[PDB]
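This report concerns only the one structure given below.
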Amino acid sequence: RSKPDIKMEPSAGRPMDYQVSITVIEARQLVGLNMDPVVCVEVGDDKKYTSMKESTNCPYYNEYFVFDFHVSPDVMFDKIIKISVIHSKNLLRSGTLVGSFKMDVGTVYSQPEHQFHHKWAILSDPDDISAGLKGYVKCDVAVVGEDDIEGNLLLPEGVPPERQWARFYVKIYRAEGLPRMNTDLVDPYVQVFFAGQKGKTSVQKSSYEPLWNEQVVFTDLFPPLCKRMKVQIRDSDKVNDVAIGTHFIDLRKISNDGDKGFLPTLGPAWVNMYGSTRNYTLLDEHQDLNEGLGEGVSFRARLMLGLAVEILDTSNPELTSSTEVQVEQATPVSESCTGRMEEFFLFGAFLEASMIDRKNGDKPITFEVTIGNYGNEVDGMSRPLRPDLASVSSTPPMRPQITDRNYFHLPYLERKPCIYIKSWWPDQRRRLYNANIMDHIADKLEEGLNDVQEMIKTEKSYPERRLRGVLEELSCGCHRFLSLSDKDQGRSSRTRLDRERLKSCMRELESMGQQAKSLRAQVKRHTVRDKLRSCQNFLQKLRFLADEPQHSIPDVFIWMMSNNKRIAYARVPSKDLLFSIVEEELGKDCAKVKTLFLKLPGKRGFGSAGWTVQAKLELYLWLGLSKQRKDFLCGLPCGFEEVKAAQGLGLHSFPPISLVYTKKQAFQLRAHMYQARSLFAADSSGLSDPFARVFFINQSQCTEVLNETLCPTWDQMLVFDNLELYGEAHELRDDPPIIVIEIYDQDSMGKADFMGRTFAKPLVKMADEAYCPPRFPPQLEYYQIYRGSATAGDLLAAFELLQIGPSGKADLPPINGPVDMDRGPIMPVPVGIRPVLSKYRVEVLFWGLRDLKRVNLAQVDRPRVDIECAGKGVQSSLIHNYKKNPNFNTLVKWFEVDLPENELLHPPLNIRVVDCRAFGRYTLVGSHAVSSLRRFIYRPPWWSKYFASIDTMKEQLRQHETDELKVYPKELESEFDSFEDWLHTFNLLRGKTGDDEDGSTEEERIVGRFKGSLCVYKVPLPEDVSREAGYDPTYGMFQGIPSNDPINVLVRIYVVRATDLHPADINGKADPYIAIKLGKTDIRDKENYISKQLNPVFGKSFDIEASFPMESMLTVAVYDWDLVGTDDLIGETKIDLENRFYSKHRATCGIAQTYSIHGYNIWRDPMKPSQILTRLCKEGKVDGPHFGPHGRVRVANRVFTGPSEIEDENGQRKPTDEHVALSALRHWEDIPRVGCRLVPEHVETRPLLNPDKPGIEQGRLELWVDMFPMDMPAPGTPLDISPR
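Residue numbering for the sequence shown is 251 to 395, 411 to 448, 464 to 667, 695 to 1248, 1323 to 1343, 1401 to 1722, as defined by the deposited numbering.
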């Protein structure tokens, strides 16, 4: 696989809705006298307080606090939680602070389920090193998108409870390259933030190159729970205090905990921070990028910085007792120790630049390649003289040309402009060289893991030894890094972090080279699927080691301007651009023709401000020293000449300002698009008008618009012709240029609306290659379609890029073009590339549909469902009365349709339901299409036992982490395949698909939910299938299916107890009761609510008739009782008795362990197990039962044995058939054709869900539900499970 995944809108910089929740449970061992504590919780600037507790050292609150944000993930993690015991706070007095505990959101989120539970917050006096410990405050925390103190601390691993105060020195020396503010001078000062404490240097007025040589001194507890420092170059404008740039120092990459690791240190070395545009806009909408809230769009400033964390002894009297952020003159160092100053030379070559927006391509456009302070001559820098060349940094303004209505292209063609920059940077190439080595190893690890996952999920053989070879290559790469990075250990201009961090990666990857060989033995033929997920734990640490805090050279920016106004940008990091003689030290984007996509600056690159590509460039880049420009043209496309400028005429080492091209290979691209599927709904009808517009270099071609479908089959090859590819064959065969496929809805105005985008790489054939298998012809395989943030479709294509031949286009294999003469210029996908189509009969069970939401404050009385698959389709019977009978009057009605032979290439079968209005205007009220037909392909083949079962499920929990009845430790539909044995369930949709800014949510699209079954088989059909359709052609495969007809059904619910219910009251002990909604019937136990109970025991039994299957929709709920207003809601759950009732699993009544009619084991099913087995025999078309003696039975070709006799409550021996009958119920899977499993009498663990707090647990409930139809013999009297 070489197909790219270049997403224009990644997760970085995306803001999401977030919630922080805190319960302040209690406090104990508080140090002091007569304190009356008010616990204060501050997250950011939002501060809340508890209630009043009077004169205690051990208070109890159990109070709740909720805060909500909508910020980017890195913005959240710097925010500080400030739980504090504050003695005697009121509105006029800031109370006397006992102690506090500063600890950020990122440490919460680093916990595996993002929570801390019942843990004691280690409060300490934050403004005194010598003050004692200030007790512990038991609390719990949660961030969502035993009671001993030492066993339950609120700390991560490694942190001692007796934390040591340490001075967190940061040193601010000098800065360079500052932009304009005043009209246009600058007045800088640097402000540092850490754990709410701030410290700023003195302002040096009127200097682009300041030199403070000052430092900011914090005082905080080692190890720091606040995890980043906000270092921010700032301008001291007196009216508007505005920032220039911001870099975050990450504490984990500069440290390793323990004596085996090292204390944190950094620098003194340069730091490259970014922000808004290079010019000073009078109003700057990218001011948030100056604040570091997102990705920086242009380089703002660079700043030498240091870090000198030193641990103090808390009992030392000579130290300063205050923890304030003092301002102190630092100790300056020479700039030679930061790196020997060297000259660097950038090279760039613009080959192609297409896909320019039509709204901006009216005028001649200019590029601008910049690296840091150098290469920005057009903007008029505040640069001094040479610390020289004119620094040609712009392509000439060239008139664009039209590709289509959407996009332009640039007529570079034979002339490719080039840009070369002189720059001066400190030589710190090893920080990016080791990053390149370990990034190459991590890229190989990514490719191996993705190949193993893709090849595992396609079930191609031999996976685990391939994974073992991947980890063997990983071990070889570990040894390669062990040998490579040691070659310049004795460098003199080297910081302490460059020693200790390097030692850390040496130790880690030395261990990793043997952990790979250990997990090589751990990976087997059956454990490969989960050890593959275990393998990327290595990849997490390797990606973490790959990035480094010490910057040397800032990132290379490529810009766009017309009228010298910036419209589009890109930012490639410079670490992949250095040239090195070591292949692992060589950057990934260096000396290679790299595809790169521009995007809009700031917040307007996301969402509805633009979805179109700003530009697509085949940019060549190179970076290195000015003495290393020896062979920097080795990766360029050959067959070219160089045109140079006046400053470097005749010099062999001088780079050209432009190239003129002598080789123009004619290339024809056969773009085979056959199908798209699961697309976005851009039209108001819940469907779209999709067509594929494919871009390749300077031209574009369009397939014809298909109408009113989300799974189009265009079946349309487009032949791009007479295009020009430059260079030789070795730059195209193993790495062709990219293909961008864009999907659009042909709307009512004529102008199309955006639908998505996918990328591709064609299989390349030169004229000397034979068009022979296994390479040619190219097979169809999928391409994931993205519409920016979210996935919005899947496309099927088999692109091949072919040379236009030495004699003509006829040297290519002959095009199997338009045999259908009406197609004309539209031309089909040829045979061999299209799949073989074999006829499959599709059989639909039109069972019914429930749970329609009341759109337009009513319900549709006459719905009818049409199924459409690959053009062909069938329709059900029209509903004559929906509320009386929500079930179609149709048997298994089928249609025969040509389908793809390969099962992975099956199209999504569409299901839609319409209201049958006048004139055949079939207005859609629901539509669901997402299914894979391989699933539907058919080929012929009381307390006394309860507490014992409680001990049993404790054993089941302890074995999972390492009489009687069954206990399921998860939800009942998890064990029993959701009772979807043949009565399948699908979920309908309506409206436009939910874009994050233009559309609704996906829950708002939910309108109905279909019940039915699908059976797919070939029309050349097998022999047992010929028997099955033989008994009834009106049912097909569906023989012996029970009737649809409605019935009154008794609903019998036993509820045992509830556990760990979330209280709404601030005391922490709710007042719950059981509330049951069944169909349209309300039953509440509010008169018998169990007050003041976290784990109440109900023991109530409820019998209530329902109009099944219309009333087969039940919720079992718990309600915190409240007389005033309404009772607070805890949570509900979905039951849906319909899939229980008609299942073969016998969900009507559970079966006990052994047959007994006395005491706590009395057979509660009114129909005895012998009659149960006879019923399952006639319903399962299997002969039986055939009892001999009461201890044995023959059912089909199988024999079951067991006991024979039972005593009643009178103690008299009654021999019945029921014992071996119930034993056969517990061996009912032995039947070779109809065998299955039966539901036993059980108890169940039920998650409760509240839409007030979605996606998280509200408590558990234990219960089990039986039900009985009212034409069978009458149910037994309601049993009682009242507690002891």
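Even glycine gets a Cβ: it sits at the ideal position worked out from N, Cα and C.
Contacting residues, own chain, Cβ-Cβ under 8 angstroms from residue i (five flanking each side not counted)
| i | result |
| --- | --- |
| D711 | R1000, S1007 and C1009 |
| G382 | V281 and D375 |
| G1537 | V1493, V1494, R1495, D1718, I1719, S1720 and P1721 |
| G538 | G423 |
| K1652 | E1643, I1644, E1645 and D1646 |
Neighbourhood of residue i by C-beta distance below 6 angstroms, restricted to the same chain and skipping five residues each side
| i | result |
| --- | --- |
| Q829 | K838 |
| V1405 | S1330, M1334 and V1681 |
| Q735 | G619 and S859 |
| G1124 | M1134 |
| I414 | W370 and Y386 |
| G356 | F327 and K507 |
| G1139 | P1084 |
Backbone CA spacing between residue i and residue j [nearest angstrom]
| i | j | result |
| --- | --- | --- |
| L1676 | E1656 | 16 angstroms |
| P703 | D521 | 38 angstroms |
| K1191 | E1549 | 12 angstroms |
| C842 | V424 | 28 angstroms |
| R827 | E771 | 9 angstroms |
| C290 | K899 | 57 angstroms |
| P421 | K643 | 59 angstroms |
| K1430 | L1103 | 24 angstroms |
| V497 | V607 | 7 angstroms |
| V1658 | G1640 | 5 angstroms |
| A1712 | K764 | 51 angstroms |
| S768 | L1211 | 17 angstroms |
| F1106 | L903 | 21 angstroms |
| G1588 | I1573 | 16 angstroms |
| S1661 | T1592 | 8 angstroms |
| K729 | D467 | 28 angstroms |
Start-to-end residues for the beta strand (DSSP E) that takes in residue i
| i | result |
| --- | --- |
| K1179 | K1179 to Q1182 |
| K1146 | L1144 to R1157 |
| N1029 | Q1023 to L1032 |
| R836 | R836 -> not in any beta strand (DSSP E); alpha helix (DSSP H) instead, spanning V835 to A853. |
| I1573 | Here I1573 belongs to no beta strand (DSSP E), and DSSP marks it neither H nor E. |
| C1176 | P1170 to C1176 |
| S1539 | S1539 to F1546 |
| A392 | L383 to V394 |
Cβ-Cβ separation, residue j to residue i (assumed contact under 8 angstroms), whole Å
| i | j | result |
| --- | --- | --- |
| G476 | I330 | 5 angstroms |
| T650 | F939 | Not confirmed; about 19 angstroms, so no contact. |
| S1234 | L1156 | Going by Cβ atoms, the distance from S1234 to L1156 rounds to 13 angstroms, so no, they are not a contact pair. |
| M819 | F845 | 6 angstroms |
| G349 | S338 | Contact doesn't hold; Cβ gap of about 15 angstroms is too wide. |
| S578 | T600 | Actually they do not touch by this definition, with Cβ atoms about 42 angstroms apart. |
| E632 | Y554 | With a Cβ gap of about 27 angstroms, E632 and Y554 do not count as contacting. |
Proximal residues to residue i (C-beta, below 7 angstroms), its chain only, five neighbours per side dropped
| i | result |
| --- | --- |
| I1542 | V1489, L1516, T1519 and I1521 |
| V1012 | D996, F998 and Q1053 |
| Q760 | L839 |
Terminal residues of the alpha helix (DSSP H) in which residue i lies
| i | result |
| --- | --- |
| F904 | Careful: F904 lies outside any alpha helix (DSSP H), inside the beta strand (DSSP E) at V900 to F904. |
| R1465 | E1461 to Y1469 |
(message) Three or more C-beta pairs under 8 angstroms: does that hold for the stretch 1657–1676 against the stretch 1622–1638?
(response) By the C-beta criterion, the stretch 1657–1676 is judged to be in contact with the stretch 1622–1638, since at least 3 inter-stretch pairs fall below 8 angstroms.
(message) Across the stretch 422–438 and the stretch 281–297, are there enough close Cβ pairs to call them in contact, namely three or more that are closer than 8 angstroms?
(response) The stretch 422–438 makes no contact with the stretch 281–297; the number of CB pairs closer than 8 angstroms stays below 3.
(message) If contact is defined by three or more beta carbon pairs under 8 angstroms, each pair taking one atom from either stretch, is the stretch 525–543 in contact with the stretch 801–811?
(response) Taking a contact to require three or more Cβ pairs closer than 8 angstroms, the stretch 801–811 and the stretch 525–543 qualify as touching.
(message) Counting beta carbon pairs with one atom in the stretch 1500–1520 and one in the stretch 1556–1576, are three or more of them shorter than 8 angstroms?
(response) Verdict: yes, contact present.
(message) Measuring CB atoms only, is the stretch 536–552 touching the stretch 484–498, in the sense that at least three cross pairs come out at less than 8 angstroms?
(response) Touching, no, given that fewer than three Cβ pairs across the two stretches are closer than 8 angstroms.
(message) Check whether the stretch 773–784 and the stretch 750–757 are in contact - that is, three or more C-beta pairs closer than 8 angstroms.
(response) Because the criterion of three Cβ pairs below 8 angstroms is met, the stretch 773–784 and the stretch 750–757 touch.
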